[PDB]
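# Chain and residue survey
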Amino acid sequence: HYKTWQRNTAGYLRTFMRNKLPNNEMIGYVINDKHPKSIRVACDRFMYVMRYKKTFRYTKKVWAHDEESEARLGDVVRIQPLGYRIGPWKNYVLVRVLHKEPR
Amino acid sequence: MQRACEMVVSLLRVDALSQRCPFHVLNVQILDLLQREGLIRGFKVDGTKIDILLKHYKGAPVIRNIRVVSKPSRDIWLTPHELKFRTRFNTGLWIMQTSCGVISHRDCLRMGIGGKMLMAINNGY
Amino acid sequence: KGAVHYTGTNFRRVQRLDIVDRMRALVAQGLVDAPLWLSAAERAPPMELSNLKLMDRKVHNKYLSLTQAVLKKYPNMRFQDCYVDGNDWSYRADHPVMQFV
Amino acid sequence: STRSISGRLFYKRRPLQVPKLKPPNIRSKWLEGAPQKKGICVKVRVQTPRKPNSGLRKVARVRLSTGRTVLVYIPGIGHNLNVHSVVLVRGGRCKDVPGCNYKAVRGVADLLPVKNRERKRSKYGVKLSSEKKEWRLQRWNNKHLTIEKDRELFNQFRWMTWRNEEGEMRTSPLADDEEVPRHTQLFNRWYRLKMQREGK
Amino acid sequence: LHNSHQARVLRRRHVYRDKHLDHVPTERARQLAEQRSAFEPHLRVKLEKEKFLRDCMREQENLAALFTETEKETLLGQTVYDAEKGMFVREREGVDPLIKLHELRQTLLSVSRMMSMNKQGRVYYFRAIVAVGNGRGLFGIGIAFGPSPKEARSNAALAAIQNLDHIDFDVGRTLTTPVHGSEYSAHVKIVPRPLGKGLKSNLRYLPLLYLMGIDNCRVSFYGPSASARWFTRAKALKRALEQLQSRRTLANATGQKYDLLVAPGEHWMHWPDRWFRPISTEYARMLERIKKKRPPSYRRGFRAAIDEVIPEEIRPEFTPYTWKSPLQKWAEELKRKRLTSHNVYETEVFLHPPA
Amino acid sequence: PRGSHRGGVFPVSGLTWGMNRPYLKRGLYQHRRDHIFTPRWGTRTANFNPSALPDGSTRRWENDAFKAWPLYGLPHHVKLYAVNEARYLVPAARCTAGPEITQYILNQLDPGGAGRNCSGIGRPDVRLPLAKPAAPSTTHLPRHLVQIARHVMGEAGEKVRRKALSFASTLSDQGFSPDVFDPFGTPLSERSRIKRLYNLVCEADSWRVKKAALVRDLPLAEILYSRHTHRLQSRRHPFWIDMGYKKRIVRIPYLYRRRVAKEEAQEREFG
Amino acid sequence: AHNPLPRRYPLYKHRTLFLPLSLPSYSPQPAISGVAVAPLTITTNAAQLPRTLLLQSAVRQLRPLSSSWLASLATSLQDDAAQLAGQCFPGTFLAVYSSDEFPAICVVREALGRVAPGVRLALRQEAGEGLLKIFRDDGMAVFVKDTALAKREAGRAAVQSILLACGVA
Amino acid sequence: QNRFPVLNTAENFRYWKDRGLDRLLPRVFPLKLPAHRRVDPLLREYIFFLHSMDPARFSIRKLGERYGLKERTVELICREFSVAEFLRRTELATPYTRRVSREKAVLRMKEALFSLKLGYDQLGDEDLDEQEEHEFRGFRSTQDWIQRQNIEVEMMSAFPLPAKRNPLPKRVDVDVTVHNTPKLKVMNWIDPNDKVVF
RNA sequence: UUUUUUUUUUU
RNA sequence: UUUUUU
RNA sequence: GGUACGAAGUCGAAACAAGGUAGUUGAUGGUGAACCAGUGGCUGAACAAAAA
RNA sequence: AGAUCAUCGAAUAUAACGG
RNA sequence: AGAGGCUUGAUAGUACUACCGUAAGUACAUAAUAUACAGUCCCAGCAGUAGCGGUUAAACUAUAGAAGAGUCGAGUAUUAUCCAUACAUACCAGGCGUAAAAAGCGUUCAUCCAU
RNA sequence: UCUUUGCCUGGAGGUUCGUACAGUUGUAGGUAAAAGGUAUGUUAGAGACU
RNA sequence: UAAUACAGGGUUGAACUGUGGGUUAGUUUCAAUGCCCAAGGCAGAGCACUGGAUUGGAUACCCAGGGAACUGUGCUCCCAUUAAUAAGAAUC
RNA sequence: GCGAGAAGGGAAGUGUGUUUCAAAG
RNA sequence: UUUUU
RNA sequence: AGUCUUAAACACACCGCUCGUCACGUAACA
RNA sequence: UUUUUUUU
């Protein structure tokens, strides 16, 4: 939790903007594409510390869904959240693929 | 960014006339702002290194204190309304790195845009 | 701990003031009366000397390498002016070796 | 410097570096944070103070209600504590007695009478104000201390017209054997107002 | 910044970063360009010009200033009054007589005591540290030793006078930036104060502040020493604290930029041309420049009629007019007569009645 | 709550303890006003009047009373002010430049314009104490109205009213203009006093002054004596403060009599 | 939750209230009705000065309501100057005029305010000889003069001449 | 080194001030006194009479112009005079025996002593309106509270330099009165930050 | 520490 | 209860 | 078994400075108490110490 | 509906699924 | 003293929001002291890291020891509690010669840094 | 002047694959000075000489 | 630590390459002396051990004998822990 | 016919809460 | 509590 | 015997400084 | 000029 005066500093606002995306979108790279029509997207987030005034990074691995199964391992993609639960692990939907690794 | 912090050691000398400095794209832009204020007599890019002259007056140099705020391991940012509180009742020179190039602290408040404090020149506490 | 600041208080930055500047302050402060020679130096202040030494530079001595070849081809130059002080062969400006180079 | 901040785990390495302990309140730690704790005495002895301090100091081992025993000092002249006696202890360190870090409380404790002889320190010795002492604080009448200076002044501008107390105006102040009267309005003003008010 | 795996697979502009193919202006690159222009004009150097007439034809002139026989043949052949006290005082005693001793103040800091061992017993000698300096623009610290406390004080003060150093203080009594100072554990941070507020410091050290000549400042000692005594390290903190101060006149000379205060307007930078506009003009040569200069045809100055002003006594306040009210005329008449009196008005009387 | 002070309880005046000193015991001594620099603008009377007839002949003025109620009407200030006026207006007196340069110099020396009270120094319609005679500044007057008025005025006001003395002096102001002048005999005399230089000379009277160590000492007491800013503020209740003065009315006199009682009695029985 | 009061020797003295007031705007403001309202000094007391009272009084009165590029610049400047000058018929100082030519310049004076309020031309008298010259700030003349058509043409040339060297397109 | 013969320079600021060792020297200063008490008591009666006679012809501003008195000072003369007379006519109490704080008692002594030495003033000497002048009024006068800076730094150039950012007024809440009744007082709360006026 | 005021930078 | 005092 | 504090008795002369014939340390052996013998490492090492 | 540092008790770590 | 609890050996600068030398409880009445003195004498005790007490020290007891020399006051004071006053809880704002602190020498995973 | 790894908080102390693997400075009875060092003096069966 | 065989490191010359890097666990080699085990022997040395000295009252100091320990592809890093008390970049 | 736990600390650690948005039974 | 000496 | 040089954990300075076993007493981790 | 300095 952040105090009222902690929500107006440039350090916190800058971190917020980086994390914040349209439709709560995220950026990550796929690390597992073994199961059919399934890909695990590894997203990286950021956080601010009001004590030492330094920002660190922590990975957030999540599961996604692909229709055409165009994405492959080691390919940065875009994910979008959803207001339901489908499958045991599936919690995201693909939109597009930015980069493609050769084979 | 690392090469930027290496300029304070060379420019902060008393018994010297000219000192070398590693060549960098960002370093060239910084020297332009300092020369306008009358802090550096001149500089010249000698290829892999830049030769910068030193200014003196009545023995003592024009530069007496250098403070590095920004570091490669982190990033200091201040809002337009917060920079005024920090910088008040002083004659110091703060290098601000805004989106539209590099400007001093005096110009940053005029535009009202959020800059980035890089270094301090002729600054006290 | 102790003198561990290469770039700091180790290197003093004290302003250098001449007699013209020091006397101007004391007279104004009322500590010392104006002498008869105060105005003599006001019209012709002394020339600055701190900035003159900054132009000093060290150059490489090219005679050390050039003189080696001259003696090799003509080693009969050491005989001339041998009993005179300053010349060593274990040279003065007047020595033939220095003139040729 | 900022050398200690390096690394992505700066939020878990720096904070774990405790400077020191808490020097204050390091001796009185068996009270469990309570201001005071009752106890019972089971041993009475006389511990000799360390050098160069000579003499003998009276001490007693008091068992706290929390099942802990610790030596306690009994300041003040006299002694009344014996075996199986309840006494209330408090904070306080004694340099002469090693290890003792507690002090007893007089009055509030059980079977602990008041001090023998003490007038300066009242609260400390839990001594109530005696009736005799209270009566002495009310006696304030020492103003009649005329001198030769007053005698000359009186017989220069205050001897022609001057009203006495009983019924007479003209008196005999010039006589050396006689004594100049006092003021009937100002002399002893504070004492007169208080005495005449309580009389109701 | 944040050179993570994701950032490294997106910031690469190209598969190969050919640095050797970069175009950077070097020294040899420009030298070759100039030489290529010269068709098959090279670097040249010039030696110093040594002329004998520079000093040969000038040294003789300097000789005329000392050719007199009474200034050349010779070479090449204790009290001061103090009128309000009126007592003899040592003048020189190893002290500059030119410097006035009736304008400085001293402040005793501490009187330390030392111990010395000998073959028989122990020997003790006292010491003191006395700071002497004018309270306007001067400061100094001296240290010495003596056999007794009284003698030590006098000796310590002697060194302070001989080691007087000037300070760089603003004319306006307003510092620029707060200075900080160090020697081992110590920190002496001087916090400036607004003009018109006065000093604010420890009462013990209050006199010290005054002696420094510093106005509107908050001097605080942040643990002068955390071990042993705290008087010796403290001595050197003052020295390397006031040297860092800078005034307007200093920064402006090198900064060549607007360095003005808030109250005054362009006091140090404004330099009106007093040798071009107010130039003298005589009536003998004025007629010649009338037919050569531009004729006067302009309208931008109304208050342009003034000449040599002669001191003259006037009384604008006491000036009857046709519009003043009757009461004002009466009131001014009595007041005017009171100031013109030279028998009662210009006199001092102690008692009220003419006793 | 906060009761007694926990500290050094140093005095307001700033004096040390010990024998042969004003203060004996450690304390604050807030009531002691004698040690504090105070003015005396009142008057004091005598203790006895030898005169038979009751009269107020014992009233005397105080030294500080004369300077406490000054009056800006004394004669020896106008003379000094006049001399400084000439030295203050020298920048424009010797400014042989055009009207634009002269006007700017006067503006800084004395702010004056529309809606402001100016001293009228330098204006064309003002009399000044010039070193030598000079003609008025008739350059600002219109040329159409003067030319038409010169004929209707008549010989009475064309050669004997103003022109009789319009060219008596060799010098002039703003060049020369024999055609344009003022036929009417309007005297532009009188002037106005300044508000800046006049206020400085008036306040000058408030700052006038009428085995020894080499360097004089600077006791702490000296600082606090005159200056009242560096002095600790009072904290005691007013009621107690006021009661202390009442206590001393009858207490103080007793102490004086008690001391002399022993000394006087000793000599009457032994000496 | 505090009641400040003196607790020292100086318990009874004049204590005037001070209200610091810095500059309202750094931009250069013009004179209102000819009265200057510019700031002279930064030191301002609590009492409002008469100079400042004028600006605030007028503030409440204002109601809330209400090819090449170089060739094009000159082409529009000439057209605008000519069109504006022709509307009056069916700035710099130093504009001399003769006594007998007052009617000719009077109409021009009053006609420039309808199309260029910024013009602040002045009037200077001179010996009556039929002369009518309009000078500029740098000392250059822009219009030199040697049934009713002749009179109208004389004033038409003057209105457009001043606007040619003053207008900015 | 520089020429600037004026009375608003850095050194000329706060003229006749102790700068050095003279700060600790004791110096006597004149005692201040309000203008409404230095005037002749006689004239106060006269002024009061006029005011109470015909407020229309003798307005608060017109009356003070003839005698050279400020609008605020003249108001106190009538108020202080009224009460003094009321207690005398009604035979309530004498002015000397009137109860008042100690701050006024010392003021009365100064007023009597001021006239005993110099005398009462027949006519006031003060300006009705203020004037913008360079003077030292406290420590808050020579400071910029908007930008919070003491030293202004600007670029030196002959060409027109860009202007600075102008400040905006501070919007604060205020209160006004709409309906006032003996048994109730209604007020309205104004919120300038509200976009919709309604 | 404000007469007719419930208003007042009172000081 | 006295002394002083626009 | 071992450790803390107070008082203080007997039996010994280990550390200081080359006298205990240099002295701390890693792993063992031995002896009423200073600790002692051997190997490795260190100086926190004392004396002495070149011409044709 | 999305995002949203964990801390103390000294400490002791690889576990669950299919051939 | 309209009225009580503390201190009475050294040491402590005794609080800061308006005013910031721009002025009186200014003078007479109205001037004094407690490192004077009394009791015990390594015993009885006091106290705060440092301490005092033997032949008498303003350090222990005692104020008809004198109308107590001081600070608060209708309360005062002891203990206890916390992020325990720059014992910097250490980005602001402490270290790694002798003093508490750099792993015996080296190649690799992840993170951070670089032109 | 800048990047990253490791380590310490006055001195000081502990019961009388299973006898295996892993892991360890810290919950006291006690104390107010341990200690680096520039200089002086003294001691030295430690070197030299009037 | 002369000769010979295997394979490293450093200095200089040409070609090629065209940002390849600094630090480093949930990691991996080597590592004096001592001890367990094992292999061992016929030299030079010596802990324990009755082998010739002690005292001014106690001893291993000064000789000699003397079956452990002294070459390991192993188990294995406790120390005063192997070339200063920083693994890198910049100012000469 | 209408209202009524207005006296609740027993459950939970990645939860309870906070923040950004959305909601024409 | 009492109250124009 | 008087000096010089070096070392030192002592400086009421070698009549200095300091350690260990055993005997008695008071206590916390049992 | 008021029981003003003057004080439950």
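Residues numbered from 1 in each chain as written, not as in the entry; some residues may be left out. Chains lettered and ligands numbered in written order. Part of a larger assembly, values for the part shown. Heavy atoms only, no water. Residues with missing side-chain atoms left out of burial classes, pairs and counts.

Per the PDB record, this model was obtained through cryo-EM at a reported resolution of 3.29 Å.

What follows covers the overall build of chain E. From N to C terminus, chain E includes 10 helices and 11 strands. The C-alpha atoms of chain E give 37 Å as radius of gyration, which overshoots the globular expectation for 355 residues (20 Å, by more than 25%). With respect to the three principal axes, the spread of C-alpha positions in chain E is 110 × 105 × 85 Å. A buried classification covers 28% of the 355 residues belonging to chain E. Distance between charge centres in chain E, computed from 61 positive and 40 negative side chains, equals 11 Å. (Helix = DSSP H or I, 4+ residues; strand = E, 2+ residues; numbered from the N terminus. Rg over C-alpha atoms; globule rule 2.2 N^0.38 Å. Buried < 20%, exposed > 50% of the residue type's maximum accessible area, 1.4 Å probe, protein only. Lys, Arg positive; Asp, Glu negative; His and termini not counted. Charge placed at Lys NZ, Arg CZ, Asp CG, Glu CD.)

It is worth spelling out the protein's contact with RNA strand L at this point. The environment of RNA strand L is formed by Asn-24, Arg-45, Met-47, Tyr-58, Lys-60 and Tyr-92 of chain A together with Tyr-11 and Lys-12 of chain D. At the protein interface, 95% of the atoms of RNA strand L within 4 Å belong to sugar or phosphate. Within the side chain of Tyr-92 of chain A, an N or O atom sits 3.4 Å from a phosphate oxygen of RNA strand L. Note that a phosphate oxygen of RNA strand L is positioned 3.2 Å from one of the side-chain N or O atoms of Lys-12 of chain D. (Near = heavy atom within 4 Å. Polar contact = N/O pair within 3.5 Å; in protein donor to acceptor, adjacent residues only side chain to side chain.)

The subject of this paragraph is the arrangement of the chains. Of all 15 pairs of chains in contact, the one with the most contacts involves chains E and F. There is no contact between chain C and chain G; across them, the least C-alpha separation is 30 Å. (Contact = heavy atoms within 4.5 Å.)

In this section: the interface of chain F and chain E. Taken residue by residue, the interface counts 63 residues in chain F and 52 residues in chain E. Note on chain F versus chain E: buried area summed over both sides is about 5700 Å², and carbon and sulfur give 58% of it. Linking chain F to chain E there are four salt bridges. The closest approach of N and O atoms between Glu-312 of chain E and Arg-127 of chain F, which form a salt bridge, is 3.9 Å. Connecting chain F to chain E are 21 residue pairs in polar contact. (Buried area = accessible area lost by both parts, 1.4 Å probe. Salt bridge = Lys/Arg side-chain N within 4 Å of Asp/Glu carboxyl O.)

It is worth spelling out the sheet that holds strand β2 (residues 38–49) of chain A at this point. Residue and element names in this part refer to chain A. Strand order in this open sheet of five strands is β3-β2-β1-β4-β5, and the pairing throughout is antiparallel. Where the open sheet ends on each side, the last strands, each with one partner, are β3 (54–65) and β5 (93–97). The mean inter-strand angle of the sheet, taken between neighbouring strand axes irrespective of direction, is 40 degrees. Of the strand pairs in this sheet, β2 and β3 are connected by 12 bridges, and their pairing is antiparallel. What sits directly across from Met-47, in β3, is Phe-56. Along the sheet, helix α1 (residues 10–19) makes contact with β2 and β3, crossing β2 at roughly 170 degrees. (Pairing = 2+ DSSP bridges. Axes fitted to C-alpha atoms, helices over the stretch in contact; angles between N-to-C directions.)

At the interface, 26 residues of chain H touch 22 residues of chain G. Counting the surface lost from both chain H and chain G, the interface buries some 2000 Å², and carbon and sulfur atoms represent 61% of this. The largest contributions to the chain H side of the interface with chain G come from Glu-130, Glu-132 and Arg-137 of chain H, which together make up 32% of the buried area. Summed over the shared surface of chain H and chain G, the number is zero salt bridges. Here chain H and chain G share nine residue pairs in polar contact between them.

What follows deals with a negative patch on the surface. Taken together, the side chains of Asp-173, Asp-175, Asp-191 and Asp-194 of chain H make up a negatively charged region of the molecular surface. If you trace the backbone, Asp-191 of chain H turns up in the segment after β3 (184–190). (Patch = residues over 30% accessible without salt bridge, like charges linked within 9 Å, V, L, I, M, F, W, Y side chains within 5 Å. Areas by Shrake-Rupley, 256 points an atom, 1.4 Å probe, with all protein chains shown as cover.)

Attention now moves to the pattern of salt bridges. Counting across every chain of the model gives 58 salt bridges over all chains. A salt bridge links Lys-335 of chain E to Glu-317 of chain E, with the shortest nitrogen-to-oxygen separation between them at 3.4 Å. Here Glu-317 of chain E lies in the loop between α9 (283–290) and α10 (326–340) and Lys-335 of chain E lies in helix α10, a separation of 18 residues in the sequence. Residue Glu-317 of chain E is classed as partly exposed on the basis of its relative accessible area, which comes to 44%. The partner of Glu-85 of chain H in a salt bridge is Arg-89 of chain H, and the shortest N-O contact between them spans 3.4 Å. Within this pair, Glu-85 of chain H and its partner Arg-89 of chain H are both found in helix α4 (residues 71–89), separated by four residues, close to a single helical turn. Among the residues examined, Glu-85 of chain H registers a relative accessible area of 29% and is labelled partly exposed. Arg-89 of chain H gets classed as exposed once you look at its relative accessible area, which sits at 58%. Through salt bridges with shared partners, one network takes in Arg-150, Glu-158, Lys-159 and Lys-163 of chain F.

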